[PDB]
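K.L.:
Protein sequence lines, in the order shown, are assigned to chains B and A.
Per the authors' numbering, the first sequence starts with residue 0, numbered consecutively.
Per the authors' numbering, the second sequence starts with residue 1, numbered consecutively.
Starting off with a structure, shown below.
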Amino acid sequence: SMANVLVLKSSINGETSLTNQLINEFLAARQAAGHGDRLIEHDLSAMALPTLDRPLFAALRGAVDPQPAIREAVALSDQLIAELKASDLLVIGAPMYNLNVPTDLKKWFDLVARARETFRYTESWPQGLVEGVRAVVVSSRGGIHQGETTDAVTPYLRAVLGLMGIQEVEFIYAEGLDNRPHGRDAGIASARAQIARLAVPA
Amino acid sequence: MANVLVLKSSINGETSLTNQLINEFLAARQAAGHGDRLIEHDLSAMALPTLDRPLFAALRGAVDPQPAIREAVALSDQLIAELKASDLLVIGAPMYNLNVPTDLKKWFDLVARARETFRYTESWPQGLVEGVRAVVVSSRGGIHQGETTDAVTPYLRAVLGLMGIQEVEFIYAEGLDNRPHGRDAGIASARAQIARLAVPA
Ligand SMILES: Cc1cc2nc3c(=O)[nH]c(=O)nc-3n(C[C@H](O)[C@H](O)[C@H](O)COP(=O)(O)O)c2cc1C
Ligand SMILES: Cc1cc2nc3c(=O)[nH]c(=O)nc-3n(C[C@H](O)[C@H](O)[C@H](O)COP(=O)(O)O)c2cc1C
Ligand SMILES: COc1cc(S(=O)(=O)O)c(C)cc1/N=N/c1c(O)ccc2cc(S(=O)(=O)O)ccc12
Ligand SMILES: COc1cc(S(=O)(=O)O)c(C)cc1/N=N/c1c(O)ccc2cc(S(=O)(=O)O)ccc12
């Protein structure tokens with residue numbers, strides 16, 4: 000009855016990382032609420048994920064490319080698509096970096112959002128092929144953006160996950176960390192309160 | 001006259017529609033009497049490094065004697081000096097999985113820089129790039145104008161505004177993968193946006 004949780008960490012701050020700190024605190028809170036978790040942990044920061052270019056996009060679509068480096072990336076694309084389809088809970092660390100997600104997290108979506116694999120084109124809108132997967136997004140920010148137009152990370156993550164079928168996303172925000180005194184403490188405290196709510200639905 | 005910095009980011013190569021419409025936009029400007037000097041960048045081919053811990057530290061001004069790091073520090077210097085000396089920034093940014101192409105985001109990750117293009121002050125960090133507008137070329141396989149699924153638009157407005165580029169125009173080619181003539185109506189629409197936006201010099 001153990002949950003299958005795929006953990007994607009994309010911060011570059013190493014040990015100092017807050018989205019990764021809040022991911023761990025969120026994981027323990029799930030255990031502290033009676034959940035046995037099976038974790039596949041991917042530090043996207045240190046995996047050197049490949050970038051999507053014209054040759055790689057064709058092998059991901061079908062074309063024969065007997066390049067050792069391109070054959071290896073399609074293998075990585077398949078394993079990542081396999082892990083995501085096999086899990087119950089996708090937990091994404093998405094700190095705001097220059098008003099976008101971190102590049103390595105974007106590279107993951109580039110290798111995981113694939114036609115015939117995670118979605119398929121319908122006469123109307125693409126249909127997702129990932130079934131029964133929840134998404135919880137940790138996202139610490141410098142200033143505060145949730146609600147306003149300058150927040151691009153939030154509507155981005157919703158659209159790209161929904162394209163693949165994950166129409167269940169829940170955000171743990173930690174905005175306002177640039178204000179040295181209260182700002183950091185309040186945003187973290189708000190996230191830790193959001194954590195305690197989200198660590199219950201199992 | 002106008003100093004233009006054209007940024008191409010599509011991966012389709014010579015079949016790229018954004019690159020075609022970037023050209024169609026620049027020719028229509030010369031038709032309206034605008035003689036541009038161009039710095040041209042196909043970010044697909046320059047293999048821009050990814051933002052990581054040591055590079056960000058070096059880009060922030062820290063002493064980082066690492067060789068490969070120092071080169072990307074120079075790549076940020078040169079990429080910013082072009083932008084600061086420009087009059088018109090033209091961006092090709094088609095929707096790639098509801099974000100922008102990765103090779104574009106890496107340029108922003110190198111051009112959005114503290115004590116260079118933006119400065120933190122009490123309240124919101126203020127911009128440091130003066131005299132620059134922006135025209136974004138963005139084609140999409142589906143209809144995303146005005147919807148929540150469009151993050152390219154609010155991201156580009158936000159990240160260009162962060163460094164001071166406030167006037168940003170958008171040229172859209174929506175629903176290019178429709179059964180009847182979605183590719184046609186989308187391009188013809190963007191061409192109607194070509195003719196309007198090419199005038200203001
Ligand atoms: C490279 C970099 C870029 C950032 N860009 C933004 C930004 O555009 N807007 C913002 O509000 N905060 C920005 N921040 C602040 C982060 O959101 C904040 O540091 C957050 O805690 C990072 O979480 P992490 O340590 O898990 O990466 C940026 C931080 C870094 C390191
Ligand atoms: C890798 C890739 C991802 C794409 N993702 C989207 C998408 O998420 N939504 C959409 O409407 N169209 C998407 N498209 C279709 C493009 O928007 C369309 O093909 C556009 O005209 C590409 O222009 P370009 O040749 O300059 O790259 C995608 C195309 C590619 C190649
Ligand atoms: C582009 O960068 C930023 C953009 C904006 S905004 O667009 O106006 O919203 C804001 C409000 C802040 C930003 N600075 N971000 C950091 C950074 O660049 C480096 C180290 C940091 C260390 C910490 S901290 O954890 O040690 O406290 C916190 C933040 C940063
Ligand atoms: C996540 O990917 C997508 C999401 C959506 S969405 O859910 O509705 O937002 C849509 C509508 C299309 C998408 N991908 N489409 C292409 C693609 O994957 C590869 C090559 C293409 C070449 C051309 S073309 O210009 O040469 O005809 C056109 C489209 C593609």
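Heads up, the beta-carbon is just placed ideally off N, CA and C, and yes, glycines get one too.
Would a check of beta-carbon distances place residue 157 of chain B closer than 9 Å to chain A?
P.N.:
Residue 157 of chain B counts as touching chain A.
K.L.:
In the stretch 137-154 of chain B, which residues sit with their C-beta less than 9 Å from some C-beta in chain A, listed in chain order?
P.N.:
Listed in sequence order: 141, 142, 144, 148, 149, 150, 151, 152, 153 and 154.
K.L.:
For the alpha helix (DSSP H) holding residue 186 of chain B, just list the boundary residues, first then last.
P.N.:
Here the alpha helix (DSSP H) through residue 186 of chain B covers 181-197.
K.L.:
For residue 70 of chain A and residue 58 of chain A, what's the separation of their Cα atoms in angstroms?
P.N.:
Cα to Cα, the separation comes out at about 8 Å.
K.L.:
Can we count residue 148 of chain A as close to ligand 4, meaning its CB is less than 8 Å from some heavy atom?
P.N.:
Answer for residue 148 of chain A: no, Cβ out of range of ligand 4.
K.L.:
Which ranges does the beta strand (DSSP E) cover as unbroken runs of at least 3 residues, wholly within the stretch 52-127 of chain B, from first to last along the chain?
P.N.:
DSSP runs (the beta strand (DSSP E)) wholly in the stretch 52-127 of chain B: 88-92.
K.L.:
Which chain B residues sit within Cβ distance under 9 Å of residue 12 of chain A?
P.N.:
Under the 9 Å cutoff, chain B gives 53 and 56.
K.L.:
Let me check understanding here. Comparing Cα to Cα, which of B/73, B/68, B/105 and B/143 lies closest to residue 178 of chain B?
P.N.:
Ranking B/73, B/68, B/105 and B/143 by Cα distance to residue 178 of chain B puts B/143 first.
K.L.:
Relative to the alpha-carbon of residue 4 of chain A, which residue among A/17, A/26, A/186 and A/50 has its alpha-carbon at the smallest distance?
P.N.:
Taking only the C-alpha atoms, the option nearest residue 4 of chain A is A/26.
K.L.:
Please tell me whether residue 110 of chain B and residue 162 of chain B are closer than 9 Å, where the distance is taken between their beta carbons.
P.N.:
Contact flag unset, no.
K.L.:
Check whether the Cβ of residue 203 of chain B sits closer than 8 Å to any heavy atom of ligand 1, and report yes or no.
P.N.:
Residue 203 of chain B lies beyond the stretch modelled for chain B, which goes from 0 to 201, so this question has no answer here.
K.L.:
Given that residue 108 of chain B touches chain A, what residues does it touch there, using C-beta distances under 8 Å?
P.N.:
Under the 8 Å cutoff, chain A gives 97 and 99.
K.L.:
Using only CA atoms, which one of B/169, B/180 and B/121 lies nearest to residue 92 of chain B?
P.N.:
Taking only the C-alpha atoms, the option nearest residue 92 of chain B is B/169.
K.L.:
If I'm right that residue 176 of chain B touches residue 186 of chain B with Cβ under 8 Å, what's the distance once you round it to whole angstroms?
P.N.:
Indeed they touch by this definition, with Cβ atoms about 5 Å apart.
K.L.:
Counting beta carbon pairs with one atom in the stretch 93-113 of chain B and one in the stretch 152-162 of chain B, are three or more of them shorter than 8 Å?
P.N.:
Touching, yes.
K.L.:
Let me know the secondary structure DSSP gives residue 38 of chain B once reduced to three states.
P.N.:
Looking at residue 38 of chain B - three-state DSSP - the assignment turns out to be strand.
K.L.:
Would you check if the stretch 35-44 of chain A and the stretch 114-122 of chain A touch, i.e. whether three or more CB-CB distances between them fall below 8 Å?
P.N.:
As far as the Cβ criterion goes, the stretch 114-122 of chain A does not touch the stretch 35-44 of chain A, which means the pair count is below three.
K.L.:
Regarding residue 177 of chain A and ligand 2, is the C-beta to nearest heavy atom distance less than 8 Å?
P.N.:
Yes.
K.L.:
Following the continuous alpha helix (DSSP H) through residue 43 of chain A, name the residue where it begins and the one where it ends.
P.N.:
Its alpha helix (DSSP H) spans residues 43-46.
K.L.:
Comparing the C-beta of residue 9 of chain A with each C-beta of chain B, is any distance below 9 Å?
P.N.:
False, the Cβ-Cβ gap to chain B never drops below 9 Å.
K.L.:
By the three-class DSSP mapping on this structure, what secondary structure does residue 2 of chain A have?
P.N.:
Here residue 2 of chain A sits in coil by DSSP.
K.L.:
What do you get for residue 116 of chain A, buried or exposed, if any count of 16 or more other CB atoms within 10 angstroms of its CB means buried?
P.N.:
With 16 or more Cβ atoms within 10 Å of its Cβ, residue 116 of chain A is classed as buried.
K.L.:
Closest to residue 112 of chain A by C-alpha separation, out of A/188, A/84 and A/200, would be which residue?
P.N.:
The candidate whose alpha carbon is nearest that of residue 112 of chain A is A/84.
K.L.:
Short check: CB of residue 16 of chain A to CB of residue 67 of chain A, under 9 Å?
P.N.:
The answer is no: Cβ separation not under 9 Å.
K.L.:
For residue 128 of chain A and chain B, any beta-carbon pair shorter than 9 Å?
P.N.:
For residue 128 of chain A, the answer is no, since every Cβ of chain B falls outside 9 Å of its Cβ.
K.L.:
For residue 183 of chain A, which residues from the same chain have a beta carbon less than 6 Å from its beta carbon, with the 5 sequence-adjacent residues on both sides left out?
P.N.:
Excluding sequence neighbours, residue 183 of chain A sits near 176.
K.L.:
Check residue 22 of chain B in the structure and name its three-state DSSP category.
P.N.:
Here residue 22 of chain B sits in helix by DSSP.
K.L.:
Do you know whose CA, among B/126, B/103, B/190 and B/45, lies nearest residue 136 of chain B's CA?
P.N.:
The candidate whose alpha carbon is nearest that of residue 136 of chain B is B/190.
K.L.:
Indicate, with yes or no, if ligand 1 has a heavy atom lying under 8 Å from the CB of residue 116 of chain A.
P.N.:
Not under cutoff, so the answer is no.
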